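Step one of this worksheet: look at the structure below.
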Amino acid sequence: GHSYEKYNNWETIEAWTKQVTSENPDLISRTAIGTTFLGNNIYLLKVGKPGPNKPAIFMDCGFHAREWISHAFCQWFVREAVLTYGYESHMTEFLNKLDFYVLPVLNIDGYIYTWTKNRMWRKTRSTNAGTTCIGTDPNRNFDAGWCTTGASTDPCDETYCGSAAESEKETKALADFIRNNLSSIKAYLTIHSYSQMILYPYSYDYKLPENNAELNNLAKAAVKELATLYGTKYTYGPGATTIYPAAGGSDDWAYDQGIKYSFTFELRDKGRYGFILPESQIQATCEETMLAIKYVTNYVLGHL
Ligand SMILES: CC(C)[C@H](NS(=O)(=O)CCc1ccccc1)P(=O)(O)C[C@H](C(=O)O)c1cccc(CN)c1
Ligand SMILES: [Zn+2]
């Protein structure tokens, strides 16, 4: 049984992806872009008014298994899109002019693991050689200054960068989809928790992005928009200095491919509850995050 105000297990999220597609068959289509190490289907939703060669915004949730408010947000976002499309000017224009690619859970194997054995698991669940330790950090597994800084070469560590860039089937699947659609994808948004930040490149080096000016200004505006609702305070900036260095991230990789609007969101809270954010806070967190996402969508649309 699914709720937008509770955390749902994978079986339920998987059924939800099929359910929401069947109820909105002319607004939403569903695809599997690959399978996890354990063989689960990695689903991607395409949301928008059907039309030839539209630009798109790409958003994923659930890179990291324990960051449950991330998964909850992609679901919240899709419902908001559907509920307001057709009679809210902004969202109606949004889905008229572009598509959203929503990947509700990337790291499905880990998510199941956090529901069944260890709530605090982070990584994938693939096997490693030379050690009994399991898993690779998906946000260390992309071809962006891979394993050069901010990652561990130790497979027992939480930031293990993997056997090689895109060693993980999940990261390969995501990377492969985006490569094929680099033409249409105009923005990349990846949702994490916690610590209340908006990050943009770079994380694999203290080097600043070409349009560092444009991105810093957009993030500043986004966090101001988000705080309007509940006063929630976000910080923002290039990844390496705003949080810490972390090579192999999907946002840096997205930006180096030609996606000049690439952001990582870190949602509530700032550590009081951390990854175990109370379900009573799901709605508030999602509502305010929507304001930032919509602000970014409006901008990308305008400068498209
Ligand atoms: C709480 C939140 C800040 C997460 N950090 S974490 O779970 O403590 C990372 C694991 C860890 C734990 C202890 C010591 C070293 C690493 P995150 O996992 O969502 C941060 C994210 C990452 O580490 O992949 C991150 C950090 C820096 C830059 C970017 C943008 N690519 C993204
Ligand atoms: Zn994370």
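First listed ligand is number 1; within each ligand, the first listed atom is number 1. Position 1 is the first residue of the sequence; numbering continues from there.
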When every non-hydrogen atom of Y273 is compared with those of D269, the smallest separation belongs to N-OD2, 2.9 Å
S184: side chain to side chain donor-acceptor pair (under 3.5 Å) partners, not counting sequence neighbours:
none
Measuring centre to centre across the rings, with the benzene-like ring taken for any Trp, is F77 within less than 6.0 Å of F100?
yes
Inside 2.8 Å of the Zn ion (ligand 2) but strictly below it, how many protein N/O/S atoms are present?
4
From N141 CG over to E166 CD, what is the distance, rounded to the nearest 0.5 angstrom?
7.5 Å
Applying side chain to side chain donor-acceptor pair (under 3.5 Å), name anything that partners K172, two or more places apart in sequence or on another chain.
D176
Tell me which residues fall inside the under-4.0 Å heavy-atom shell around ligand 1.
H64, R66, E67, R122, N139, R140, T159, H192, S193, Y194, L199, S203, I243, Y244, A246, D251, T264, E266, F275
Under a 4.5 Å side-chain heavy-atom rule over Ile, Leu, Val, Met, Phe, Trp and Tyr, are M197 and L267 clustered together?
no
Please indicate whether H2 has more than 12 foreign heavy atoms, meaning atoms of other residues, nucleotides or ligands, lying under 6.0 Å from its NE2.
yes
Can we call the ring centroids of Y111 and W68 under 6.0 Å apart?
yes
Take a 6.0 Å sphere around CZ of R179 and say whether it holds more than 12 heavy atoms from other residues, nucleotides or ligands.
yes
